[PDB]
């Protein structure tokens, strides 16, 4: 619907299972990115010039870890305040995605890699409720980001 408290708890929980194994789950996420769009390898500074996705790289891990934490924090905010707030950070995030060559058409790629990562994290605990929770938070955060992108390009 638009982030009920039970949806918000499901996101927080799954997020906590994600961050219990950062090395594994962030390796997995980038595999799921290149399986959807092999061309995306080149947008990524620590992926470029590699064969396979590094398994123990700190920059890959800190990056993929901020990405997930931002969606999870958008979902708590949609559930608390009813919106995703535009702040320094997300306007900065609009400029950086612009610099790197990210386009609007790119956003569904990262969406499907997050949904698929999360389904492998929770395993048997996966639900349609959890899936649709992650979907709303992502899509609400991509709107605000794309907005910030667009003002500059």
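Throughout, rigid core stands for the largest set of C-alpha atoms superposing within 1.5 Å between the two forms. Numbering follows the first chain given and starts at 1.
- Greater C-alpha displacement in 9 other deposited structures of this protein (rigid core superposition, RMS over structures and residues), of 22 to 30 versus 66 to 74: 22 to 30.
- Farther on average from this form in 9 other deposited structures of this protein lies stretch 80 to 88, the comparison being between 110 to 118 and 80 to 88 by RMS Cα distance after core superposition.
- Mean C-alpha B-factor is higher over 94 to 102 than over the other stretch, the pair under comparison being 123 to 131 and 94 to 102.
- Taking the PDB entry as given, 15 to 23 carries the higher mean Cα B factor of the two stretches 15 to 23 and 135 to 143.
- You'll see in the entry that, of 39, 36, 118, 47, the Cα B factor peaks at 47.
- Remark: residue 57 belongs to the middle third of its chain, ranked by C-alpha B-factor as recorded.
- Residue 70: CA B factor in the lowest third of modelled residues in this chain (values from the PDB entry).
- In the PDB entry, residue 88 places in the highest third of its chain by CA B-factor.
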